[PDB]
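In structure tokens, one chain follows: the form deposited in one PDB entry.
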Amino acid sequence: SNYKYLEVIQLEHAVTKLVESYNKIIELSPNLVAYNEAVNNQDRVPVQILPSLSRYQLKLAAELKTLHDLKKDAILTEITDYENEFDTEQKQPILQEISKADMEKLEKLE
């Protein structure tokens, strides 16, 4: 069959962690300006954060915060506010996805 129960729980947890992760990024992370300053002068920054500055995460967090200070959060904005807009009965996708492609996906399975 489809949609095993054990997989549902993993999914629900994953989606929840996904949303919680992005929110904590936006909250804690400064923008690319603050990042670029710290990474350029590392003599000023606290010693403990040096190995962190050499890894991808902090930059990725700074850039996502940057897109957030701007517009074009795009999908990300939709996802965080998704919990609210969800109604027990809605058959509509609610995202930026074209419903025309929803049909082309339908017969593809068939």
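Rigid core: the largest C-alpha set superposing within 1.5 Å between the two forms. Residues that one form lacks are left out of the comparison. The first residue of the shown sequence is 1; numbering continues from there.
Quick note: we don't show the form deposited in another entry, though the next part is all about it.
Rigid-core fit between this form and the one not shown: of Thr16, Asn23, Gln10, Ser99, the one residue whose Cα shifts 2 angstroms or more is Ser99. Cα of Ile9 to Cα of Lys105: at least 3 Å longer in the other form than in the shown structure. In comparison with the shown form, the Cα-Cα distance of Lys105 and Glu12 increases by at least 3 angstroms in the other form.
Once the two forms are aligned on their core, only one segment of at least three consecutive shared residues with Cα displacements of 2 Å or more between this form and the one not shown appears, at 96-110.
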